[PDB]
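# Structure assessment
For reference, the chains in residue letters:
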Amino acid sequence: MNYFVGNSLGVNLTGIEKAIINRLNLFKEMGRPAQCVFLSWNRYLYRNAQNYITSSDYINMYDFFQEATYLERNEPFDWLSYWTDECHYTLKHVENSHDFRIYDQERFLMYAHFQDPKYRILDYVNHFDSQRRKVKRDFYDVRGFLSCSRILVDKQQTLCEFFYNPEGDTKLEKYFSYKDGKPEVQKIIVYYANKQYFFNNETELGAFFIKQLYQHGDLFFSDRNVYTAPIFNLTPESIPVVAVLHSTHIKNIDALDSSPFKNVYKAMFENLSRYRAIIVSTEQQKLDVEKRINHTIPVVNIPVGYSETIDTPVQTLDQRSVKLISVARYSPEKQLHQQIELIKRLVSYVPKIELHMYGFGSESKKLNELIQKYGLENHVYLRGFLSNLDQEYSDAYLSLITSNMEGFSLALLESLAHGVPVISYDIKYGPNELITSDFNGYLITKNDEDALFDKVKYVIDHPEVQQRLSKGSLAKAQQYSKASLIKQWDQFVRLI
Amino acid sequence: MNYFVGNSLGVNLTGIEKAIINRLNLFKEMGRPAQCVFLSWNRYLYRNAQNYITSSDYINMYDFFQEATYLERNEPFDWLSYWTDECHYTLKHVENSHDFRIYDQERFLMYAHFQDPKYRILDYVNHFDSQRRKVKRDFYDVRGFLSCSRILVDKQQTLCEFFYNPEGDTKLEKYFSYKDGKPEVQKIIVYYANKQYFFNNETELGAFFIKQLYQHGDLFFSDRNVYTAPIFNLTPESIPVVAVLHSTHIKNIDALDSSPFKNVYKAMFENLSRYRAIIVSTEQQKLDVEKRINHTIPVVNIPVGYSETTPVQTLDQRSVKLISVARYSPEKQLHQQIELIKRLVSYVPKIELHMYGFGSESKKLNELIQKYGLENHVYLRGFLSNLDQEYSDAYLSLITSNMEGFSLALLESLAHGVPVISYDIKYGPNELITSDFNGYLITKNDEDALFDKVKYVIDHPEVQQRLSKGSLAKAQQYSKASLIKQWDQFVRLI
């Protein structure tokens, strides 16, 4: 059995999350057992996983100990008619919210919070004593059951939390003490195997959990090396783990030798004999990493993404309009303001031009402030993150990358697969490998926005080029075919 | 020859403008000659019309007297260099514009303005005197020639206008005086037929033109009645004309008998004996009109739009996409849809509203999308011409106006498989939707009932598909083949 350890799955999948799911779906078709391992406590991971993996494709560490691994949504529960009818409480609704303030004949007891406006998903319930101190907080799983009560001290500070199984029995206790104005774990009690276990640390908890999962002949893959690498350090070398690096390994990629390893990858690079091999996406990163490592341990390049059969429309280009697209999380590294800029000085040459920006991150409001400032309301669109962008690649003329650091770009390959050429700064890793300028898009010089504007403008001018590039896009998309990676993954696993 | 008579075509086609082109394409297929007439001076008309009808398909009255009827673009002319290389002027380019100031050795002469940044289309040239007053503006046709010079007075006020043919010769003159604070024609001179004609307003010119155009057994349709009815009224009964009505005919739809006509239509109704008939779109409007006019003249219903044979109903599971194909004008009540989405976003976090159109409320509507934080959900997509791919992942169409004839936007939805949820307004929705067949009719302005239904259909994808299948069915009742029959019928019998 092959385990791909990560942290968790977001509402919106991140690059690492998407990459993990891809490995899982390749291993599915290949015929090898595989499973995702998630470490982070997350009561919404069932909902978050549902449109991508099945509850048997994944083990979550907390679920495991909560005897709630492979548990489904149970039947919905009318909490409000419980409180009114059964409990003879009265329910003052809080305005502009799915919240409530529960009372028993003018005694304030708890503050209820739901996720949804149908009031079917209870999120949390907060408990108050005689003097309206917030004493205890009950958090609920998205499948129904009460998952964790938390006990508060002083200024709603976390003193400890208790994790339960869906039947209610306690399975986990965590004790907090406040260092630097923030709760740090200091004790963990785990009820497991009809015994009691003690750990000082969530890492020590992580290691224990692995040792349970592990059988002889099982193989691990460490994908959030921030957390997963410390966990594996406290694991016997007898247990094979292969590191998977999900981005550029160093703080400045221009200083190949005189540059520190990233805070996230430091723990792996310190214990490099722990890991059976290390996997990057780009050949360049394979070369770069094994020189800096000094070939102490093998390195392989297996790309995080692959190209699949296209049974939606490709290059159905309305000859009157020009859709440009960004498919990138709205974070600073992606440098999306440069694209709003580009669209600014480009409407006058191509009016009726559109830029659709697919993502959602933190820069949402900063990005929206510019499309508004420059008058670009009817030309630039902040389309929220959505999967199955296949319909959304159909009318796309070009893809833009203006990030500065990317590693393998899943959205880059996804463009090429839909026949949409991409114009991207010439950065590491990824674009260099996936784009050949004047083959399937163009590589632009870093942050050289005038060079950017020129080629984007040139390509909008001569559609004969877009069609030529769009062709070779499909060509390049094929070198990363699902078969190329099933085999490439099968060969890697056998060698190990 | 059948002549459909409107004002002109805009950069974004209006409902009537779309209708005149639809009628043309219909006649063109069925083989009866027809061609659009446009009245107002519009020096971008040939560019506006490039995608919809030929230059053989249309006669603009200014083009006609300007002897530029059926004229096409010239070879490019390099004005920038001509002013430099041949007129030894300097060009002080104006910042953030396609404009130059034109000097002759520190003497400020002209302010040029180009449309495009490629400087290939000269738009207008402003002329200044020795004191730097703007005395003359030179308006250029997008085909390259000088169409009109306007002489200014006082506070850049329009005093008279001269209209040329492409050779340069002068063909019309208009003299203005200011009523309120706007210019108003008071004299028109026309050099046509090697003679001089005098008219007192643009209406009398319009009537003079018609008679120039008219030949025995030509037939005319009046499609912009605020302007065209006054024209045909100054025209002899011997010229056949048929009124065509494009909105509700009455200031208030609720008093069928009592209320006044819309200002647009007063001129028409007050002289109903001049028109061989009225065309309307919906069977209902045919009746309501007939009652009021006491069957004085024939009323006939011939829908403004037809359906025809591109991906359809390729619905992504995770996202719900709502569409409004409607102008950003106030009587479409498009703010109500932003309010809808605002309520509906916490039940449907993946929802979108794409709002296709142009219009005066682009700013009111933009502010609300900003105020409510719906910038990631409601989009002002602005006017798009071919919408065939936007309809593909459309879940439903939305209508929230209060006044409509046939909705061409509604039928287009139904044609592309997209059910419509509309208020129960006259005319059009009553006729094209059958609730729980291809969409729902809502009590007018019942924004709760609207929300209730929109959320419902979203809740039941299986209903949506049932509704989509009925929308395709109803659309084939308004087919192309059938409307060519309706036109050929109701031309032959007039």
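Here the focus is the UniProt feature "binding site: UDP 2" (unreviewed entry) in chain B. All names here are of chain B. When the UniProt feature table is mapped onto this chain, "binding site: UDP 2" (unreviewed entry) is found at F383 and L384. Structurally, the position occupied by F383 is in the loop between β20 (378-380) and β21 (396-399). Apart from residues lying up to four places away in sequence, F383 is in contact with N12, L13, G357 and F358. Among the structural elements, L384 can be located in the loop between β20 and β21. Here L384 falls in the buried class, since its relative accessible area comes to 13%.

Attention shifts here to the UniProt feature "domain: Glycosyl transferase family" (unreviewed entry) in chain A. The feature "domain: Glycosyl transferase family" (unreviewed entry), as annotated in UniProt, sits at residues 316-471 of chain A in this numbering. A helix fraction of 33% and a strand fraction of 18% characterise residues 316-471 of chain A, whose end C-alpha atoms lie 13 Å from each other.

Residues and elements named next belong to chain A. Among the nonpolar cores identified, the biggest contains 54 residues, and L205, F209, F220, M268, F269 and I278 are the most heavily contacted of them. The biggest single contributor to this core is helix α5 (residues 202-213), with five residues. Contact partners of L205, with chain neighbours within four places excluded, come to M61, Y62, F65, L172, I188, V190 and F199.

Residues and elements named next belong to chain B. Using the residue numbers shown here, the UniProt feature "binding site: UDP 1" (unreviewed entry) corresponds to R327, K332, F383, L384, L408, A409 and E412. Mapped onto the secondary structure, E412 falls in helix α11 (residues 408-415). Since its relative accessible area comes to 32%, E412 is described here as partly exposed.

The partner chain A presents 32 residues to the 25 residues of chain B that form the contact. Summed over both sides, the interface of chain B with chain A buries roughly 2,500 Å², with 43% coming from carbon and sulfur. Looking at the side of chain B facing chain A, the largest losses of area belong to B:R318, B:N376 and B:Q389, adding up to 22% of the total buried there. Our count for the contact surface shared by chain B and chain A stands at two salt bridges. Its salt-bridge partner being A:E354, residue B:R381 comes within 2.8 Å of it at the nearest N-O pair. The tally of links between chain B and chain A comes to 12 residue pairs in polar contact.

A few words now on unusual backbone geometry. A cis amide bond links A:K428 with the next residue in sequence, A:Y429, at an omega value of -20 degrees. Checked against the element boundaries, A:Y429 lands in the loop between β22 (422-425) and α12 (431-434). The omega angle of the peptide bond from B:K426 to B:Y427 is -5 degrees, so this bond is cis rather than trans. Relative to the assigned elements, B:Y427 resides in the loop between β22 (420-423) and α12 (429-432).

Next up on the list: the environment of A:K174. Residues and elements named next belong to chain A. Of note, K174 is situated in strand β11 (residues 170-179). Sequence separation of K174 and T158 is 16 residues, and the distance between their C-alpha atoms is 10.0 Å. With near-sequence residues (within four places) excluded, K174 lies in contact with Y62, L159, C160, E161, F163, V185, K187, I188 and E202. A distance of 3.4 Å separates polar atoms of two side chains, one belonging to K174 and the other to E202.

Our focus in this paragraph is the packing of aromatic side chains. Inspection of the entire model under this criterion finds 76 aromatic pairs over all chains. Ring geometry for A:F64 versus A:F209: centroids 5.3 Å apart, planes at 55 degrees, classification tilted. In this pair, A:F64 is assigned in helix α3 (residues 61-65) and A:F209 in helix α5, connecting sequence segments 145 residues apart. A network of ring pairs unites the aromatic residues A:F77, A:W79, A:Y82, A:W83, A:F100, A:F114, A:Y119 and A:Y140 as a single cluster. Here the basic side chain of A:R23 rests over the ring of A:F4, its NZ or CZ set 4.9 Å away from the ring centre. Positioned above the aromatic ring of B:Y440, the side-chain terminus of B:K453 is 4.6 Å from the ring centre.

Basis of the calculations
- Residues numbered from 1 in each chain as written, not as in the entry; some residues may be left out.
- Chains lettered and ligands numbered in written order.
- Heavy atoms only, no water.
- UniProt positions renumbered as here; feature names shortened; annotations may be inferred.
- Helix = DSSP H or I, 4+ residues; strand = E, 2+ residues; numbered from the N terminus.
- Contact = heavy atoms within 4.5 Å.
- Buried < 20%, exposed > 50% of the residue type's maximum accessible area, 1.4 Å probe, protein only.
- Core = buried A, V, L, I, M, F, W, Y, C linked by side-chain atoms within 4.5 Å.
- Buried area = accessible area lost by both parts, 1.4 Å probe.
- Salt bridge = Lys/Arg side-chain N within 4 Å of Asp/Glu carboxyl O.
- Polar contact = N/O pair within 3.5 Å; in protein donor to acceptor, adjacent residues only side chain to side chain.
- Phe/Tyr/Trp six-rings, centres within 6.5 Å; stacked < 30°, edge-to-face > 60°.
- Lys NZ or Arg CZ within 6 Å of the ring centre and 35° of its normal.

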